[PDB]
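Colleague: Fold the following for me, if possible:
(one chain, ligands or ions: 1)
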Amino acid sequence: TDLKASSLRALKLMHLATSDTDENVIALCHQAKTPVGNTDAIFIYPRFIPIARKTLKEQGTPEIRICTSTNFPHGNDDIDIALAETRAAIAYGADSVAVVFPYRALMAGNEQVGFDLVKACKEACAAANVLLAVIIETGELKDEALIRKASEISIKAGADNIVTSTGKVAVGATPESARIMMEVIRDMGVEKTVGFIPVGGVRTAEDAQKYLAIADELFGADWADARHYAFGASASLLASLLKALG
Ligand SMILES: O=[N+]([O-])c1ccc2[nH]nnc2c1
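Modeller: Residues are numbered from 1 along each chain as shown. Okay, here it is:
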């Protein structure tokens, strides 16, 4: 009931992903409706959104959200491409669009493109009541200084959520990137409008418990509700969570 309590609460914070074909999206939606309850969302490729929305409706769980990704996984610095992709994500049906920050451009000293890209995508999401999450790719940024700066620029440009990772490079979330990023939320005073999402690095019920207690110590135990905290993860975190719940 410390581990059982936080396992329940983490499972309900999950953004469940594959690991995409039509038959796998389907099984995913089924995977997300568990016997102790539902993850908050699934996370899939935009093309698969209509089919997932249906599967989720048919199975009694319309309230499970559908999150998706754009400029992904590379985080190139073409704004037009990142924006048109975002516009289509929205048109497909997405509740949230996770856009990859142009982190290579920041590493080469250009902060402005990150700012304008995030902001271009936010205006379109906002217009459509879709959340805009920003993946900064901590495992490629690597330096605390760059993790901090990507995070701030994303927030200055209107990110509703900041996310460690794509899940497509070697290093996802670490306790340290996650802390650095949440510290930026705290340091800008934006806890009310910006949530956080580790991707990678949470594999066990005990991991999730650790990551949530970092948010709880920084902001109090009430902060990490589903709007402000998600575990971007896959079937195996979910099975560990469920294992610790019996
Ligand atoms: O922007 N997102 O709401 C969001 C949610 C779950 C994710 N998993 N991986 N990336 C993700 C982005």
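Colleague: For the rest of this, base every contact and every neighbour count on C-alpha atoms.
Modeller: Fine.
Colleague: Over to the residue nearest the centre of the chain: give its phi and psi.
Modeller: Nearest to the mean C-alpha position of the chain, counting by Cα atoms, centre = their mean, stands residue 197 at 4.6 Å. Phi and psi for residue 197, reported as degrees, to the nearest 10, are phi -150, psi 100.
Colleague: Skipping its backbone neighbours, what lies nearest it in space?
Modeller: Sequence neighbours aside, residue 163 is the residue nearest to residue 197 in space, at 4.5 Å (criterion: Cα to Cα, 6 or more residues apart in numbering).
Colleague: For that neighbour, grab phi and psi.
Modeller: Dihedral angles (degrees, to the nearest 10) for residue 163: phi -130, psi 130.
Colleague: Next up, the contacts around residue 137.
Modeller: Contact partners of residue 137, counting by Cα atoms under 8 Å, 6 or more residues apart in numbering, are 100-101, 103, 163-166, 172.
Colleague: typo on my end, it should be residue 55
Modeller: 26, 29.
Colleague: Please tell me how far it sits from the ligand.
Modeller: For residue 55, the distance to the ligand (Cα to the nearest ligand atom, to the nearest Å) stands at 19 Å.
Colleague: Got phi/psi on residue 96?
Modeller: Per-residue torsions, residue 96: phi -140, psi 150 (degrees, to the nearest 10).
Colleague: So which bits of this protein are right by the ligand?
Modeller: 15, 43, 67, 96-98, 133, 199, 232 (Cα under 6 Å from any ligand atom).
Colleague: What subset of the contacts of residue 137 is buried?
Modeller: 100-101, 103, 163-166, 172 (16 or more other Cα atoms under 10 Å).
Colleague: so which of those residues comes closest to residue 25?
Modeller: residue 166 (18.4 Å; Cα to Cα).
Colleague: got the CA positions of the stretch of helix or strand residue 80 belongs to in PDB?
Modeller: Per DSSP states H and E: residue 80 is located in helix 79-92. Only the C-alpha atoms of helix 79-92 are listed here, as PDB (Å, rounded to 0.1, in the frame of the first residue of the first chain):
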ATOM      1  CA  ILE A  79       9.000  24.600 -39.200                       C
ATOM      2  CA  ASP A  80       6.700  24.100 -42.200                       C
ATOM      3  CA  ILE A  81       7.100  20.300 -42.000                       C
ATOM      4  CA  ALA A  82       6.700  20.200 -38.200                       C
ATOM      5  CA  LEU A  83       3.700  22.400 -38.500                       C
ATOM      6  CA  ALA A  84       1.900  20.600 -41.400                       C
ATOM      7  CA  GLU A  85       2.400  17.300 -39.500                       C
ATOM      8  CA  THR A  86       0.900  18.800 -36.400                       C
ATOM      9  CA  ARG A  87      -2.100  20.100 -38.400                       C
ATOM     10  CA  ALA A  88      -2.700  16.600 -39.600                       C
ATOM     11  CA  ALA A  89      -2.400  15.100 -36.200                       C
ATOM     12  CA  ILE A  90      -5.100  17.500 -35.100                       C
ATOM     13  CA  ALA A  91      -7.200  16.600 -38.100                       C
ATOM     14  CA  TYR A  92      -6.900  12.900 -37.500                       C
END
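Colleague: any idea which helix or strand comes after it?
Modeller: Criterion used, DSSP H and E; the element after helix 79-92 is strand 96-100.
Colleague: And the following helix or strand past that following strand, what's buried?
Modeller: Next helix or strand after strand 96-100 toward the C-terminus (DSSP H and E): helix 103-107. Across helix 103-107, burial judged by 16+ other Cα under 10 Å covers 103-106.
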